[PDB]
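Participant: partial complex here, more coming in a sec:
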Amino acid sequence: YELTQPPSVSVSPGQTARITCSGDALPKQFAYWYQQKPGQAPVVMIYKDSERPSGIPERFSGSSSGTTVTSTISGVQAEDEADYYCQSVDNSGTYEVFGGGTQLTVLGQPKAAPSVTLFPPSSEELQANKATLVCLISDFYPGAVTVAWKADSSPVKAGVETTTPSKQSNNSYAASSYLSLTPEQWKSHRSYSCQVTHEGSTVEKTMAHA
Amino acid sequence: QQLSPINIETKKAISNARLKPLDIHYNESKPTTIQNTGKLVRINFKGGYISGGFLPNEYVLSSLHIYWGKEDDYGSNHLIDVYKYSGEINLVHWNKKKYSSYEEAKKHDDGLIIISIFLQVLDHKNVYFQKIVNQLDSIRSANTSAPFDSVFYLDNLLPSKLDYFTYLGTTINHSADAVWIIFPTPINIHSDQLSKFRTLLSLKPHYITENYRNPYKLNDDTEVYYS
């Protein structure tokens, strides 16, 4: 026994979203709806088909008809960009089940440029005979960039570890790149650089030793 | 403001025209779970509604409750002309249209509506009520709930004739206001069927021999209406 909901649904701000679940035991059993944001636990938006908790916006409402149950979000806001899972029991009432999960993506999010802060190897890390340059990239939409490490105009490839982009609370994305050097590698150049490219725009940060 | 239950005096209760024939639809209704609350047996439901009559709109059925006494001839919450039945069943409905939750419904005077169906032990084995008796194995212990495991239609428990009384009272525990709908005509059951309800336990431990509440005085500003 499983509950079927579409893995993806796309909507624009101010429009009425609809996410539906299906199951053979829905005539018997009540459903529940959980919103989940990045790096956070699930939170109920609607319970027992159509009952809203205090604290949840009036936007959120739930209806039921036969073997389907439909969570509805009116005048959708960017706030609501999140996964929505439906929850119910089988017709025996003993085996609990979650649906596949529906990724609700909100469209028309404006092009956000990435903020970049480049940190050099700490005074302490050089005493351990290592050197890690830390490039922190935050607040960019859509969620995808490319990172070019330049050792004094020369492109670097070895020792590079770059994160996959990660969805934040504010709905823009974040990433971080770690260039690994030895003390001498670091110290034998007048400058290194982290060059992050986002939608045909390359913004860079630079630091030396002295 | 007015506490429930009460005694409905037919001589004093007036006949209002606003009380039209009641629309009862438990076609969609199906029991989800059954419970031993510590006080009583309670079956929860999904689906079905009541409408028409004196109601401004339909109220969706929420739960079913059952009340009984230690003696077969004294178990109802409500009385009619100081007569007490073997037991009383309550059906709690709420204003889904107006309010966004059952908990929000309790907070308001137009939130809840409770039908009362009387059980009278008459030496007749009720085929339909037996389906509830078959679930009592699964909730013998106090504060235990099991899923209701049977095909069961609620509108087989409605009386023969559906003329009714009504008054502004409260929920049995006085937690909220509730407009009552009391059917004078009861349904027939056997003593052995009700006997199993007394073999349930409660919050030291002891069997639930009785769980009804004693009647209250009708206020100066509370009148009982009749269909």
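Facilitator: Thanks, I have it. Numbers count the residues shown, from 1 in each chain, chains lettered A, B, ... in the order given.
Participant: most centrally placed residue in chain B?
Facilitator: Note on chain B: the residue nearest the mean C-alpha position is residue B:90, at 0.8 Å, using C-alpha atoms, centre = their mean.
Participant: partners of the helix or strand hosting residue B:45 in the sheet?
Facilitator: Using DSSP states H and E, residue B:45 sits in strand B:41-46. Using DSSP bridges, strand B:41-46 pairs in its sheet with strand B:30-36 (antiparallel), strand B:59-68 (antiparallel).
Participant: after it, which helix or strand is next?
Facilitator: Once the chain leaves strand B:41-46, the next helix or strand it forms, by DSSP H and E, is strand B:49-52.
Participant: now do that following strand: distance to the chain's middle.
Facilitator: Relative to its parent chain, strand B:49-52 has a centroid offset of 16 Å by C-alpha atoms, centre = their mean, to the nearest Å.
Participant: near chain A, anything from it?
Facilitator: No. Under the criterion of C-beta under 8 Å from any C-beta of the partner chain, strand B:49-52 makes no contact with chain A; the nearest approach is 12.7 Å. In short, each C-beta sits where N, CA and C put it, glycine included.
Participant: elements contacting the host helix or strand of residue A:98?
Facilitator: Using DSSP H and E, residue A:98 sits within strand A:96-98. When contacts are defined as 3 or more C-beta pairs under 8 Å, 6 or more residues apart in numbering or on different chains; DSSP states H and E, strand A:96-98 packs onto strand A:82-89.
Participant: who touches the strand holding residue A:98?
Facilitator: With contacts defined as C-beta atoms under 8 Å, 6 or more residues apart in numbering or on different chains, strand A:96-98 is touched by A:1, A:2, A:3, A:23, A:85, A:86, A:87, A:88, A:89, A:90.
Participant: hmm, 10 Å instead?
Facilitator: A:1-3, A:5, A:21, A:23, A:25, A:29, A:32, A:34, A:42, A:85-90 (C-beta atoms under 10 Å, 6 or more residues apart in numbering or on different chains).
Participant: name the strands paired with it and say parallel or antiparallel.
Facilitator: Paired strands of strand A:96-98, defined by DSSP bridges, are strand A:82-89 (antiparallel).
Participant: what residues sit buried inside the partner strand?
Facilitator: Using 16 or more other C-beta atoms under 10 Å in any protein chain shown as the test for burial, strand A:82-89 gives A:82, A:84, A:85, A:86, A:87, A:88, A:89.
Participant: so what's the gap between that strand and the chain middle?
Facilitator: Centroid separation for strand A:82-89 versus its chain: 18 Å, with C-alpha atoms, centre = their mean.
Participant: from residue B:62, how far off is the residue nearest to residue A:52 when sequence neighbours are not counted?
Facilitator: Excluding the flanking residues, the one nearest residue A:52 by C-beta to C-beta, 6 or more residues apart in numbering or on different chains is residue B:100, at 4.5 Å. With distances taken as C-beta to C-beta, to the nearest Å, residue B:100 is found 14 Å from residue B:62.
Participant: likewise for residue A:48?
Facilitator: Taking C-beta to C-beta, one finds residue A:48 at 9 Å from residue B:62.
Participant: give me the number of residues near the single nearest residue of chain A relative to chain B?
Facilitator: Among the residues of chain A, residue A:93 lies closest to chain B, at 2.7 Å counting by C-beta to the nearest C-beta. Neighbourhood size, residue A:93 [other C-beta atoms under 10 Å in any protein chain shown]: 18.
Participant: was I right about residue A:29 contacting residue B:32?
Facilitator: Yes. At 6.3 Å, residue A:29 counts as touching residue B:32 under the criterion of C-beta atoms under 10 Å.
Participant: quickly list what's touching both of those two.
Facilitator: Contacts common to residue A:29 and residue B:32, judged by C-beta under 10 Å, 6+ apart, are A:89, A:93, B:46, B:147.
Participant: could you also fit chain C onto it:
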Amino acid sequence: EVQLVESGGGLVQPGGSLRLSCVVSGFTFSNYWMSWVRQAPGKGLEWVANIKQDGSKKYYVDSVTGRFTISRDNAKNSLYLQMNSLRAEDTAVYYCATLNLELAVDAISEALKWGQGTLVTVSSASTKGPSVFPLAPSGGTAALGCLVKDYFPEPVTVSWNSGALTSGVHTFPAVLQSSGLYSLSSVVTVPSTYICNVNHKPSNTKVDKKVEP
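Facilitator: Chain C, in position alongside the others:
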């Protein structure tokens, strides 16, 4: 108010054993059926198992049956989960929660909250604590941070000044380096003493690094 403080496990070897726990407060735990839900990294929610109030009925997934087992103590007011013969596919964040309000006495809406969860990493690899380095600063704002390098497994919690400083703080998700050791860094932007509180529980480390220019 309701809180479901999900304590419990962490890193364990494949085929090993653990016992999670979930203490509860805010509602009559005794009246509710309770259930365990797990969620793997970047994956959906999966119901694991549930239990009846008294504990006379327990039901699990149609897998995992012969090795997982629930228990509960209503006096101590908590839910438990023994789990043996652990797999790599049991690597997930385990959540303690009430799901069904129809299966509950004196049901309340408030008791549908979920806790933070406990990460259960199953791996043949060994535990490793991080080396925490200070990231020093140099239009009216500045930026400084801490570098949590080379640890395994997840998670690590970086707060700033004992959880006082919240605004401006960004703790980035970790790279998973080819070496197999995680590594992250937490940054905070400030107006032009700051101490980061690093805590790796499996390694059982607690470093409180002071950042200075």
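Participant: can you check what packs on strand A:96-98 again with chain C included?
Facilitator: The elements that strand A:96-98 packs onto, with contact taken as 3 or more C-beta pairs under 10 Å, 6 or more residues apart in numbering or on different chains; DSSP states H and E, are strand A:82-89, strand C:34-39, strand C:45-51.
Participant: is chain C contacted by the strand holding residue B:45?
Facilitator: Yes. Strand B:41-46 reaches chain C (C-beta under 10 Å from any C-beta of the partner chain) through B:42, B:43, B:44, B:45, B:46.
Participant: ok, for the residue nearest the centre of chain C, nearest residue in space, not its chain neighbours?
Facilitator: The geometric centre of chain C, computed from its C-alpha atoms, lies nearest to residue C:118 (C-alpha atoms, centre = their mean), at 3.2 Å. Leaving aside its sequence neighbours, residue C:118 sits nearest to residue C:8 (C-beta to C-beta, 6+ apart; 4.0 Å).
Participant: which residue of chain B sits farthest from its center?
Facilitator: Farthest-out residue of chain B from its mean C-alpha position, per C-alpha atoms, centre = their mean: residue B:204, at 28.1 Å.
Participant: burial measure for the closest residue to residue B:81 other than its chain neighbours, as a count.
Facilitator: Distances taken as C-beta to C-beta, 6+ apart put residue B:10 closest to residue B:81, at 5.5 Å, once the chain neighbours are dropped. By other C-beta under 10 Å, 11 other residues sit near residue B:10.
Participant: can you check residue B:187 too?
Facilitator: By other C-beta under 10 Å, 21 other residues sit near residue B:187.
Participant: residues contacting it?
Facilitator: By C-beta under 10 Å, 6+ apart, the neighbours of residue B:187 are B:85, B:89, B:117-120, B:122, B:124, B:126, B:128-129, B:156-160.
Participant: farthest-apart pair in those, please.
Facilitator: Across the contacts of residue B:187, no pair lies farther apart than B:85 and B:156, at 18.7 Å, counting by C-beta to C-beta.
Participant: please parse the chain into its domains.
Facilitator: Looking at chain A here, since you left the chain open. What curated CATH domains lists as the domains of chain A is A:1-108, A:109-210.
Participant: um, chain C though
Facilitator: Structurally, chain C divides into domains by curated CATH domains as follows: C:1-124, C:125-213.
Participant: any idea how far whichever residue of chain B sits closest to chain A lies from residue A:89?
Facilitator: At 2.7 Å from chain A, residue B:147 is the closest residue in chain B, using C-beta to the nearest C-beta. Using C-beta to C-beta, residue B:147 is found at 8 Å from residue A:89.
Participant: shared neighbours of these two, which are they?
Facilitator: A:28, A:29, B:32, B:33, C:100, C:102, C:103.
Participant: what does chain C put close to chain B?
Facilitator: Going by C-beta under 10 Å from any C-beta, the residues of chain C near chain B are C:28, C:30-33, C:52-54, C:56-57, C:74, C:100-110.
Participant: give me every residue in chain A lying close to chain B.
Facilitator: Counting by C-beta under 10 Å from any C-beta, chain A sits next to chain B at A:26-31, A:46-54, A:56, A:58, A:60-62, A:64, A:66, A:89-94.
Participant: got a ChimeraX select line for the buried ones in those residues?
Facilitator: Those of the residues of chain A next to chain B that count as buried under 16+ other C-beta under 10 Å are selected in ChimeraX with:
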select /A:26,28,29,30,31,46,47,48,49,50,51,52,53,56,60,61,62,64,89,90,91,93,94
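Participant: that older thread, OK, contacts around the residue nearest to the centre of chain B?
Facilitator: Residue B:90 makes contacts with B:4-5, B:40, B:42, B:63-67, B:77-78, B:114-117, B:171-172, B:178, B:180, as judged by C-beta under 10 Å, 6+ apart.
Participant: swap in residue A:150?
Facilitator: Residue A:150 sits next to A:156, A:189, A:191, A:192, A:193, A:194, A:195, A:204, A:206 when contact means C-beta under 10 Å, 6+ apart.
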